[PDB]
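One chain follows as structure tokens, the form deposited in one PDB entry.
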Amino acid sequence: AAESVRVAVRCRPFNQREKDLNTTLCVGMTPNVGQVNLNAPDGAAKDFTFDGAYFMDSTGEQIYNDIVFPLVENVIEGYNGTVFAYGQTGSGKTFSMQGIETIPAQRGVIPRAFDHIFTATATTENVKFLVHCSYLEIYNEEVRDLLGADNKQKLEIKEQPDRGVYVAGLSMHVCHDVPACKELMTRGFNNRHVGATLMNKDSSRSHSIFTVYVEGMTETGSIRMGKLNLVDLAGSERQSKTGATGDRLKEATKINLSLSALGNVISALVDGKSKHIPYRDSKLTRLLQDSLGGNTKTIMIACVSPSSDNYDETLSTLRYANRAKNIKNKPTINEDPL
């Protein structure tokens, strides 16, 4: 039967901008029951329930072990899996996906997924595994390869019933171990479009997708074809807060439009009346199409600011996250016999 997309909310500690503005804590949580509340200046609260609720003291270790670990186990079995970080600029999407390599509890989703996969392949002798990685970015409505030779070359999207939506000409890289995956992640990080604003000095100016392909040849002949999409979206932002001008501002209009398209896809999927879903409104929603309503086990990590200054932006993240938990997917094991 169909299963829901799983949603977790992560509230990061205050940033310097928020402390200088003398803002107050407007986010509350009861983690053991997945509860999150948002308080307005008058005191009125809006209550929500999610699959996970992680507060200012939460670690990447906790988040991964609780919600991501089962999904990565599903990819090893032959399922398609997707983890995507969503939220306002500077909320903690890149920190949640990449993290800090030198602090064990602070390592992100992506490096932990590499360790988990290669430990599972190393402890299985009756299945031979081949692991490939790809890494792309959607920058100003152009799909670009972050591991290719021409990072400026616009790539085209193709569709096929047995493959879903894919990127034609996207380079594929064999990874025999965790260092190989890390070398690609480093190379890709250097090529990703980034830029400074008053909301985030290290703002991601594109949506990124790191895909790990897990192919397993079983002793009963058959080939399992698991695939893990690790998605670090760009975030919603406002010119009055970022202070963005020129090219930085042009990126903001394309980022905001593509994120509005994702919101519209989420809303149409759960309104109970939309016969057609607007996946083609952006390259982002076309590449997330199979993850939202399709053949995939999906997790959204909705990141939020704890500050009263970001009440409106945090409320928007929570409303879309609340809607996303009702999206119904039909994941199946991808397994080609002989």
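Counting begins at 1, following the sequence as shown. Definition used throughout: the rigid core is the maximal C-alpha set that superposes within 1.5 Å between two forms.
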Exercise. Name the higher of the two by mean Cα B-factor in the PDB entry, 194-202 versus 215-223.
Key: 194-202
Quiz item: Hey, which bit's got the bigger mean C-alpha B factor in the entry, 151-159 or 70-78?
Solution: 151-159
Exercise. Return the residue from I277, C303, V36, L288 that has the highest Cα B-factor in the entry.
Key: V36
Exercise. Using the entry's values, work out which of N295, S282, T298, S308 has the largest Cα B factor.
Key: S308
Quiz prompt | Third of the chain, ranked by Cα B-factor, where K241 sits | solution = highest
Exercise. Pull the Cα B-factor of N322 out of the PDB entry and bin it into the chain's lowest, middle or highest third.
Key: middle
Quiz item: Relative to the other modelled residues in the chain, which third contains the C-alpha temperature factor of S260: lowest, middle or highest?
Solution: lowest
Practice problem: Please place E183 in the lowest, middle or highest third of its chain by C-alpha B factor as given in the entry. | Solution: middle
Practice problem: Sorting the chain's modelled residues by C-alpha B-factor, tell me whether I103 ends up in the lowest, middle or highest third. | Solution: highest
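Beyond the structure shown, there is the form deposited in another entry, which is absent from this document and is the topic of what follows.
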Exercise. Using a superposition on the rigid core, decide whether the Cα position of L25 changes by 2 angstroms or more between the shown form and the other one.
Key: no
